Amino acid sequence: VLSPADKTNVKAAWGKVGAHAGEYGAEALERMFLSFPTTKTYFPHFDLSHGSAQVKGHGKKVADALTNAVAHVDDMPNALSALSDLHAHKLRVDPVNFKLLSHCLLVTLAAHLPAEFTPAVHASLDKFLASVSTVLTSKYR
C-alpha cells in the first residue's frame, strides 16, 4: 500500500529517468538475466546476447509500462489489466521473478541516478515495484 509521499517520490525519481527509460529497462533485464539465470527460462525465444536489439526493444516496453503505472498509480488493476492477463493468466510467472527484476531496476537507478536514489526514494520505489508486481501476478478478472 503506497502513501501520498511514496507516489510523489516515485513520480520525481521516474520523471528524472525521462527519455532514457528504455535504456534503464534494457539494463535491468540484462542485469536480471546475468545475475539470476533461471529468469532466462521465460524468454527462450529471445536473442539474449549482449546489446541484443530484442532485449533493448523489450526494455523499452517494460519501462513504458512502468511510466503508465506511475501515471495511473491509484488505478493500477484497471490500467495494467492487459499486463496481468499476460503475466498471471498466460505466462504464469512465478512471483519470485518480479522481486528479481524489481531489485535489478533499483540497482540500475542507484548506479545511474545517485543524487535521486536517497533512502526515502529507494523505500518508495521498492514499495511501488512490489505493488506493480502484485497486480501483474494476480488473477483478478
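Quick note: we count residues from 1 along the sequence shown, nothing fancier. Note that the rigid core is defined as the largest set of C-alphas that superpose within 1.5 Å between two forms.
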Quiz prompt | Core-fitted comparison in 6 other deposited structures of this protein, 1-9 vs 132-140, farther C-alphas | solution = 132-140
Practice problem: Overlaying the structures in 6 other deposited structures of this protein on the rigid core, point out which of 88-96 and 51-59 has the bigger RMS C-alpha shift. | Solution: 88-96
Practice problem: Going by the average Cα B-factor in the PDB entry, point out whether 85-93 or 109-117 comes out higher. | Solution: 109-117
Practice problem: On mean C-alpha B-factor from the PDB entry, just flag whether 122-130 or 19-27 is the higher one. | Solution: 19-27
Quiz item: Which one, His45, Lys40, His50, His103, has the peak C-alpha temperature factor per the PDB entry?
Solution: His50
Exercise. Would you please rank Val135 by its C-alpha temperature factor against the other modelled residues of its chain and give the third it falls in: lowest, middle or highest?
Key: lowest
Quiz item: Against its chain's modelled residues, does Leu66's Cα B factor rank lowest, middle or highest third?
Solution: middle
Self-check item: Third of the chain, ranked by Cα B-factor, where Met32 sits
Solution: lowest
